[PDB]
$ cat final_19.txt   # compact mmCIF, C-alpha atoms and all ligand atoms
# COMPACT_ATOMS: atom_id res chain seq x y z
CA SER G 119 5.72 28.74 18.23
CA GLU G 120 6.30 25.05 18.95
CA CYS G 121 4.79 22.19 16.97
CA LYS G 122 2.74 19.86 19.14
CA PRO G 123 -0.67 18.12 18.99
CA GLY G 124 -3.54 20.56 19.44
CA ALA G 125 -1.53 23.49 18.08
CA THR G 126 -3.34 26.24 16.16
CA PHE G 127 -1.26 28.54 13.90
CA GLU G 128 -2.71 31.85 12.69
CA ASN G 129 -1.42 34.67 10.43
CA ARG G 130 2.12 33.30 10.24
CA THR G 131 4.46 30.65 8.90
CA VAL G 132 5.77 27.97 11.25
CA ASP G 133 8.88 25.89 10.71
CA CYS G 134 8.70 22.69 12.79
CA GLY G 135 12.37 21.78 12.26
CA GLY G 136 11.56 18.30 10.99
CA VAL G 137 10.30 17.08 14.38
CA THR G 138 7.94 14.13 14.76
CA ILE G 139 4.60 14.57 16.54
CA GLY G 140 1.54 12.40 17.04
CA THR G 141 -1.16 11.22 19.44
CA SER G 142 -3.04 8.02 18.65
CA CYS G 143 -5.23 6.50 15.99
CA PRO G 144 -7.90 4.12 17.27
CA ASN G 145 -10.28 3.19 14.47
CA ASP G 146 -12.79 5.75 15.74
CA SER G 147 -13.88 9.00 14.10
CA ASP G 148 -15.66 10.09 17.29
CA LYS G 149 -12.23 10.55 18.91
CA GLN G 150 -9.80 11.68 16.19
CA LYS G 151 -8.87 15.36 16.53
CA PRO G 152 -6.66 17.30 14.14
CA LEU G 153 -2.97 17.58 15.12
CA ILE G 154 -2.61 21.11 13.75
CA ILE G 155 -5.20 23.72 12.88
CA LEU G 156 -4.26 26.40 10.40
CA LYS G 157 -5.81 29.82 9.97
CA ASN G 158 -4.26 31.90 7.20
CA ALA G 159 -0.99 30.21 8.10
CA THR G 160 1.76 27.89 6.92
CA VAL G 161 3.30 24.81 8.57
CA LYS G 162 6.54 23.24 7.26
CA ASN G 163 9.09 20.46 7.81
CA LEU G 164 6.98 18.28 10.06
CA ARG G 165 6.63 14.55 10.52
CA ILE G 166 3.61 12.76 11.93
CA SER G 167 4.06 9.31 13.46
CA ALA G 168 2.50 6.10 12.15
CA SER G 169 0.27 5.45 15.17
CA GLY G 170 -0.75 9.05 15.77
CA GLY G 171 -2.07 10.66 12.61
CA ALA G 172 -5.41 11.39 14.31
CA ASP G 173 -7.36 13.75 12.02
CA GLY G 174 -4.37 15.28 10.23
CA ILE G 175 -4.01 19.01 9.58
CA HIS G 176 -6.95 21.40 9.16
CA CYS G 177 -6.99 24.61 7.09
CA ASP G 178 -10.01 26.07 8.86
CA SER G 179 -9.71 29.66 7.58
CA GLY G 180 -8.21 31.75 4.77
CA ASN G 181 -5.24 30.60 2.71
CA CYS G 182 -3.05 27.78 4.02
CA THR G 183 0.15 26.08 2.95
CA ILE G 184 1.41 22.67 4.12
CA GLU G 185 5.02 22.28 3.01
CA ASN G 186 7.31 19.25 3.36
CA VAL G 187 5.07 17.33 5.73
CA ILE G 188 5.39 13.58 6.07
CA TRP G 189 2.54 11.30 7.14
CA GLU G 190 4.02 7.94 8.20
CA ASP G 191 0.55 6.32 8.15
CA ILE G 192 -2.47 8.51 7.43
CA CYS G 193 -5.09 7.92 10.14
CA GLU G 194 -8.44 9.49 9.16
CA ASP G 195 -7.17 11.81 6.41
CA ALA G 196 -4.00 13.87 5.85
CA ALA G 197 -5.20 17.48 5.48
CA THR G 198 -8.59 19.19 5.30
CA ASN G 199 -9.63 22.30 3.38
CA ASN G 200 -12.19 24.29 5.39
CA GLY G 201 -10.76 27.62 4.22
CA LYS G 202 -10.37 29.60 0.99
CA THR G 203 -7.15 28.03 -0.33
CA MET G 204 -5.14 25.02 0.85
CA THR G 205 -1.79 24.47 -0.87
CA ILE G 206 0.15 21.21 -0.52
CA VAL G 207 3.81 21.84 -1.39
CA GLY G 208 5.85 18.65 -1.58
CA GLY G 209 5.95 16.22 1.31
CA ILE G 210 5.14 12.51 1.41
CA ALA G 211 1.92 10.86 2.50
CA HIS G 212 2.07 7.16 3.34
CA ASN G 213 -0.86 4.83 4.04
CA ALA G 214 -1.28 1.05 3.98
CA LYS G 215 -3.62 -1.94 3.91
CA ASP G 216 -3.61 -3.28 7.49
CA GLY G 217 -2.23 0.02 8.79
CA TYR G 218 -3.64 2.46 11.34
CA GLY G 219 -7.12 3.85 10.76
CA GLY G 220 -8.39 0.83 8.82
CA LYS G 221 -8.79 0.52 5.05
CA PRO G 222 -7.05 3.47 3.26
CA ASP G 223 -9.41 6.30 2.28
CA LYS G 224 -9.01 10.02 1.46
CA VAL G 225 -5.78 12.04 1.77
CA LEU G 226 -7.17 15.55 1.14
CA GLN G 227 -10.67 16.37 2.43
CA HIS G 228 -12.28 19.52 0.96
CA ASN G 229 -15.45 20.86 2.62
CA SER G 230 -15.48 24.67 2.17
CA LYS G 231 -17.22 26.34 -0.84
CA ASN G 232 -15.81 28.61 -3.62
CA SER G 233 -12.43 27.39 -2.42
CA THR G 234 -9.39 25.72 -3.95
CA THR G 235 -7.03 22.95 -2.90
CA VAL G 236 -3.65 23.10 -4.67
CA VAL G 237 -1.19 20.22 -5.01
CA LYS G 238 2.26 21.24 -6.29
CA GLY G 239 5.93 20.67 -5.47
CA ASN G 240 5.65 16.96 -6.32
CA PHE G 241 3.60 15.85 -3.27
CA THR G 242 4.17 12.07 -3.07
CA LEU G 243 1.89 9.20 -2.00
CA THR G 244 3.47 5.93 -0.84
CA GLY G 245 1.85 2.66 0.23
CA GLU G 246 -1.82 1.84 -0.37
CA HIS G 247 -4.33 4.70 -0.79
CA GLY G 248 -7.99 5.48 -1.34
CA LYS G 249 -8.29 8.92 -2.99
CA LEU G 250 -5.93 11.85 -3.25
CA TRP G 251 -8.72 14.47 -3.09
CA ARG G 252 -12.47 14.42 -2.61
CA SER G 253 -15.00 17.24 -2.72
CA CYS G 254 -17.26 16.30 0.19
CA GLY G 255 -20.17 14.36 -1.32
CA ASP G 256 -22.76 14.42 1.47
CA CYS G 257 -21.67 17.20 3.87
CA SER G 258 -24.15 19.14 6.01
CA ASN G 259 -24.81 22.41 4.13
CA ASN G 260 -23.15 20.83 1.08
CA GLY G 261 -22.72 22.88 -2.07
CA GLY G 262 -20.12 24.38 -4.35
CA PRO G 263 -18.10 25.19 -6.20
CA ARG G 264 -15.02 23.29 -5.04
CA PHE G 265 -11.76 23.34 -7.02
CA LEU G 266 -8.67 21.15 -7.21
CA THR G 267 -5.40 22.14 -8.84
CA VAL G 268 -2.69 19.56 -9.36
CA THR G 269 0.38 20.79 -11.24
CA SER G 270 2.70 18.00 -10.03
CA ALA G 271 2.32 14.88 -7.86
CA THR G 272 3.61 11.29 -7.58
CA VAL G 273 1.79 8.14 -6.52
CA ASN G 274 4.61 5.73 -5.69
CA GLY G 275 2.21 2.97 -4.77
CA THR G 276 -1.42 2.02 -5.29
CA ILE G 277 -4.58 4.12 -5.15
CA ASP G 278 -8.29 3.60 -5.81
CA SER G 279 -8.74 6.95 -7.62
CA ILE G 280 -7.34 10.50 -7.84
CA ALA G 281 -10.11 13.10 -7.69
CA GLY G 282 -13.85 13.13 -7.10
CA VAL G 283 -15.85 16.13 -8.32
CA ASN G 284 -19.52 16.99 -7.71
CA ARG G 285 -20.80 17.81 -11.22
CA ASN G 286 -24.09 19.28 -9.97
CA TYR G 287 -22.21 21.76 -7.73
CA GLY G 288 -19.85 23.12 -10.37
CA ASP G 289 -16.68 21.50 -8.97
CA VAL G 290 -13.64 21.61 -11.27
CA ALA G 291 -10.52 19.49 -10.99
CA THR G 292 -7.55 20.67 -13.08
CA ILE G 293 -4.93 17.92 -13.20
CA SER G 294 -1.54 17.77 -14.89
CA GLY G 295 1.97 16.54 -14.08
CA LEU G 296 0.70 13.42 -12.34
CA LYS G 297 2.83 10.26 -12.23
CA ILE G 298 1.32 6.94 -11.09
CA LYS G 299 3.19 3.68 -10.45
CA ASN G 300 2.16 1.05 -13.06
CA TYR G 301 -0.30 3.46 -14.68
CA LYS G 302 -2.71 2.18 -17.34
CA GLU G 303 -5.89 3.83 -18.64
CA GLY G 304 -8.53 3.33 -15.97
CA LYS G 305 -5.98 1.77 -13.63
CA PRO G 306 -6.38 3.66 -11.51
CA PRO G 307 -9.14 6.12 -12.50
CA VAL G 308 -8.12 9.78 -12.30
CA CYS G 309 -10.92 12.33 -12.26
CA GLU G 310 -14.37 10.91 -11.47
CA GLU G 311 -17.65 12.83 -11.56
CA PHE G 312 -20.32 12.55 -8.90
CA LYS G 313 -23.57 14.09 -7.74
CA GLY G 314 -23.19 15.80 -4.39
CA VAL G 315 -26.05 16.16 -1.92
CA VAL G 316 -26.86 17.96 1.34
CA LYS G 317 -26.74 15.57 4.34
CA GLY G 318 -30.10 13.90 4.89
CA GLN G 319 -31.70 15.33 1.71
CA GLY G 320 -30.82 12.41 -0.56
CA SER G 321 -27.91 10.17 -1.54
CA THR G 322 -24.79 10.51 -3.71
CA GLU G 323 -24.53 9.01 -7.21
CA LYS G 324 -21.44 7.88 -9.14
CA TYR G 325 -20.98 8.91 -12.79
CA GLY G 326 -17.44 7.58 -13.26
CA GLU G 327 -14.13 8.67 -14.75
CA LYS G 328 -14.09 11.52 -17.25
CA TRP G 329 -11.44 13.24 -19.35
CA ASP G 330 -11.48 16.84 -20.63
CA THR G 331 -14.98 17.75 -19.46
CA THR G 332 -16.16 20.97 -17.81
CA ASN G 333 -15.77 19.38 -14.36
CA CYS G 334 -12.84 17.04 -14.97
CA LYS G 335 -10.14 19.23 -16.52
CA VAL G 336 -7.52 16.56 -17.10
CA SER G 337 -6.11 15.29 -20.38
CA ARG G 338 -4.74 11.79 -20.98
CA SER G 339 -1.43 13.61 -21.51
CA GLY G 340 -1.50 14.92 -17.94
CA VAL G 341 -1.06 11.50 -16.31
CA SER G 342 1.75 8.97 -16.90
CA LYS G 343 3.55 5.91 -15.56
CA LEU G 344 6.13 6.46 -12.82
CA CA E 1 -3.77 4.36 7.57
ZN ZN E 2 -10.75 14.20 8.62
ZN ZN E 3 -10.76 22.05 12.07
$ encode --input "final_19.txt" --output "C-alpha cells" --more "lines below"
Ligand SMILES: [Ca+2]
Ligand SMILES: [Zn+2]
Ligand SMILES: [Zn+2]
Amino acid sequence: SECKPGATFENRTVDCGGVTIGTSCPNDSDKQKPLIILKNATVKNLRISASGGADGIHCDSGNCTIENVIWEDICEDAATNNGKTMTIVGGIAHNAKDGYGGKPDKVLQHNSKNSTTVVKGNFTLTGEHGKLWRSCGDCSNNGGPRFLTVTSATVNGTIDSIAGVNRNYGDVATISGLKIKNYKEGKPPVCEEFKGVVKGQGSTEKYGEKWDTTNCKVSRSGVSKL
C-alpha cells in the first residue's frame, strides 16, 4: 500500500501521506507511462514532481477519486478517465510555458463512454494551461456520451479554454462555481462544442463557445473573475 511510480490501486482508498513521486518527462508520448492506475479506487495526499509527471493518473475502471493531489508541472496530462466516474476533489495542478512536456495542453483526459468526470472541492489550476477537460475528439472507437460536472474550481493563472464537448456524441458539460483569473467574456472561452470522430474515419470540427445549450450546460453566472 505504498505510493510509487507504476502502482495500481484497486477496490480501496490509498493515503499517500503527502509524499512526492515522479519518474521523468521527455517530450515523448511513446514513453510516458501513468504514475498511478486506479480501478474502483481512491488516491489522496500525493505530490508529483515537476520533471516526472509522465502520463499522470489513470482511472481505468469503475469509479475513481483523486483527492488533494498536486502536479508541480503537468507532463502529458494530469488524470485520465477510462472508467465510469472520475472525481477530482481539490488539489492543485500546475503547468507552464517552457515547462516539462512542451506547450501546455489538457489536464483531464476523458476517453470512456457513458461516463462522468467530476470536478469539485475547488480543484485549482496554476501557471499556464491548455484545457481543463476534453472529451476525446478523435479516439479509436470514439463515441459517447461523455459528461463533465464542475461544481467548484479555480484557475489561478491562464488557460486556453475550459471544456470541449462533442455535440454529435451527446456530450454534456455542466459547469458552475468556476473562478478564472482576469476573466472576461470569451477570455478565456469556457464550454466549446465540437464534432467528434472515430480515428481514421474523418476529422474533428470546431463549433466554438456556447452558453446554456443542450451540450454546454453553463450559464454566464456560473463563471467569474478570481
Ligand atoms: Ca508541463
Ligand atoms: Zn495522457
Ligand atoms: Zn491506463
$ closest_residue --input "final_19.txt" --among "G:219, G:314, G:307, G:208" --to "ligand ZN 2 (chain E)" --atoms "only C-alpha atoms and all ligand atoms"
G:219
$ closest_residue --input "final_19.txt" --among "G:159, G:290, G:184, G:298" --to "residue 344 of chain G" --atoms "only C-alpha atoms"
G:298
$ closest_residue --input "final_19.txt" --among "G:186, G:269, G:203, G:333" --to "residue 294 of chain G" --atoms "only C-alpha atoms"
G:269
$ residues_near_ligand --input "final_19.txt" --ligand "ligand ZN 2 (chain E)" --cutoff "8 Å" --atoms "all atoms listed in the file" --output "ChimeraX atom specification"
/G:152,173-174,194-198,227
$ closest_residue --input "final_19.txt" --among "G:201, G:170, G:121, G:160" --to "ligand ZN 3 (chain E)" --atoms "only C-alpha atoms and all ligand atoms"
G:201
$ residues_near_ligand --input "final_19.txt" --ligand "ligand CA 1 (chain E)" --cutoff "6 Å" --atoms "all atoms listed in the file" --output "list in words"
residues 191, 192, 193, 213, 214, 217, 218, 219, 220 and 222 of chain G
$ closest_atom_pairs --input "final_19.txt" --of "chain G" --to "ligand ZN 3 (chain E)" --cutoff "7 Å" --atoms "only C-alpha atoms and all ligand atoms" --output "JSON lines"
{"residue": "G:152", "atom": "CA", "partner": "E:ZN3", "partner_atom": "ZN", "distance": 6.6}
{"residue": "G:155", "atom": "CA", "partner": "E:ZN3", "partner_atom": "ZN", "distance": 5.9}
{"residue": "G:176", "atom": "CA", "partner": "E:ZN3", "partner_atom": "ZN", "distance": 4.8}
{"residue": "G:177", "atom": "CA", "partner": "E:ZN3", "partner_atom": "ZN", "distance": 6.8}
{"residue": "G:178", "atom": "CA", "partner": "E:ZN3", "partner_atom": "ZN", "distance": 5.2}
$ closest_residue --input "final_19.txt" --among "G:181, G:167, G:260, G:267" --to "residue 287 of chain G" --atoms "only C-alpha atoms"
G:260
$ residues_around --input "final_19.txt" --residues "residue 153 of chain G" --least-positions-apart "2" --cutoff "6 Å" --atoms "only C-alpha atoms" --output "PDB file with C-alpha atoms, keeping the file's coordinate frame"
ATOM      1  CA  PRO G 123      -0.670  18.120  18.990  1.00  0.00           C
ATOM      2  CA  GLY G 124      -3.540  20.560  19.440  1.00  0.00           C
ATOM      3  CA  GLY G 174      -4.370  15.280  10.230  1.00  0.00           C
ATOM      4  CA  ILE G 175      -4.010  19.010   9.580  1.00  0.00           C
TER       5      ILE G 175
END
$ closest_residue --input "final_19.txt" --among "G:188, G:182, G:164, G:132" --to "residue 119 of chain G" --atoms "all atoms listed in the file"
G:132
$ residues_around --input "final_19.txt" --residues "residue 190 of chain G" --least-positions-apart "4" --cutoff "7 Å" --atoms "all atoms listed in the file" --output "MDAnalysis selection string"
chainID G and resid 166:168 211:212
